[PDB]
């Protein structure tokens, strides 16, 4: 009863199973056509699916990577020559912090209330070479609103600061489907976006990170990318294209309704308990934070393990101040509903 890893483990839909049934046809197509044609079609399907109409479609402005984390490694190393300090949203997915810090960058935490609620201080922006924002954020689900993205982008441009976005959870929240690329190109900061197909669908970790960057980024992303790969499998791009097309023809709506149901299953199952609260009431992400007073997320985690239920304590996400996450756990929602409901039912009895 794994509710820890955020990737999708629910069954395929009928439309998605039909895609999988035609994998030999996609293989034939991948053998027959220029990879670039399929990649263009995959990018267009995925970006247009999620409202990113102004993405740069000239071949080579979007670099297909095996994963978001590969893209992130390329970005961190590309930053490390010219940047000492990154302002990083806190909490966020902890590997972002480990990848930046492992490549020699010093991190400055920016709390969410500060990031979403007001302009960043000039003193901060002038003291960092990059601002890095996960939107929708993991674990909180919080979406950087369009006006805030615009003001942040403008401020980064004013300060010569790179604006980097990790938009991996984009597909789950329509609030994140306004055209980010329009905003960034309009603002004219040096920017980079890491899109990710890998959390949306149960494609057995067949996915791509998509590293997108402004023409003036002034970082060696293209070169270091080239150092790591020539490209991703056309079969995976064809897969992405088809899953995006199925998503465009109602699949995406069905996925939102399914995550909403599982989020509901979780909140109904725990609402009467303690002492329990749900810090992110408006989140539509595929992961869910749960907070409780009295006990520690680590304790709760330890006890759930005894019952073969595996969630995540939240300490790891508060990468600058782990005690900040002492009283919360994270629960994965991209799960078949029956196994998910068993999981939180154990959680309820433990509490």
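Residue numbers count along the first chain shown, from 1.
With 293-301 and 44-52 compared on mean CA B-factor from the PDB entry, the stretch scoring higher is 293-301. Averaged over CA atoms, B-factors in the entry run higher in 269-277 than in the other of 269-277 and 213-221. Taking the PDB entry at face value, the top CA B factor among 85, 199, 148, 177 belongs to 199. When the Cα B-factors of 96, 131, 237, 122 are read from the PDB record, 122 comes out highest. For residue 25, the recorded CA temperature factor ranks within the middle third of the chain's modelled residues. Residue 109: CA B factor lies in the lowest third for its chain, per the PDB record. Sort the modelled residues of the chain by CA B factor and residue 310 lands in the highest third. Sort the chain's modelled residues by C-alpha temperature factor and residue 77 lands in the highest third, per the entry. Compared with the other modelled residues of the chain, the Cα B-factor recorded for residue 203 ranks in the highest third.
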